[PDB]
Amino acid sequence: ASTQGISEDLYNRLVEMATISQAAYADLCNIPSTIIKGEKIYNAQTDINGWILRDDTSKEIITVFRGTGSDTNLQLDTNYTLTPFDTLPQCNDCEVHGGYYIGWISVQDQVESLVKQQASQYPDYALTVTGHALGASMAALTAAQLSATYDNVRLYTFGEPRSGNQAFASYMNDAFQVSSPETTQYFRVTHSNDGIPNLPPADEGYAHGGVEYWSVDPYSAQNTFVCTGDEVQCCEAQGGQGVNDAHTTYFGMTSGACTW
């Protein structure tokens, strides 16, 4: 359930999305030069933040969600109450992170309006959803919803908490071709002993979807494992707890400042 090292191509990509995610906490800092900064996703009450972006070179429309950036967002973080994903009925028996569902429904229509706004102009462009931490769970639920409308949807998360229950994980796995890593459209990136991917407890009914990409220090394509299956391994097995050093820094870039 683990293979060490990934292509140099995939590594760059992961580093690329990590960058965009980490920059979402500082007004999309120094994101690649080929991407256009677009419409702002925002709901002052849940303080959900994010942007719809477009890269005409890679031919993809990117949707970024910032991670916890306030006390308001933190209220969302702490709420582990399981709740049905009623916005996507076709996801049989699926239940997601309560606080994150709260954030999700607070922007769903806004998020779907803006996504469609770009997709309607660029039918052939791929749709990528990404984010770090709370922003990562916000991406997963978004990806899932989008999956039922568009076909070319990709998800790249970072330090993503367990966003829902096993049911939710299956839908995601089937929706994003997780059965195989060579075909996966859902990349769940983890780092060292990051504590967030261990929350909330699996015991409480939560579970992870997607194929895991565990970045180990010193980070590099060769120090990145491909974790598949259901056996305690990689990040989930390092015993990381809550928000620690590993969580805030992915591929040498921290959420705050813009080292990049």
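Sequential numbering from 1, following the sequence displayed.
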Per the PDB entry, mean CA B-factor is higher for 25-33 or 43-51, namely for 25-33
Between 222-230 and 208-216, the record assigns the higher mean Cα B factor to 222-230
Per the entry's values, where does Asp71 land by CA temperature factor relative to the rest of its chain, in the lowest, middle or highest third?
highest
Lowest, middle or highest third - CA B-factor, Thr63
lowest
Chain-relative C-alpha B factor for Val153 (record values, thirds): the highest
Quick tally, chain-level thirds of C-alpha B-factors: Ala237 sits in the highest
Should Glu160 be placed in the lowest, middle or highest third of its chain by the C-alpha B factor in the entry?
lowest
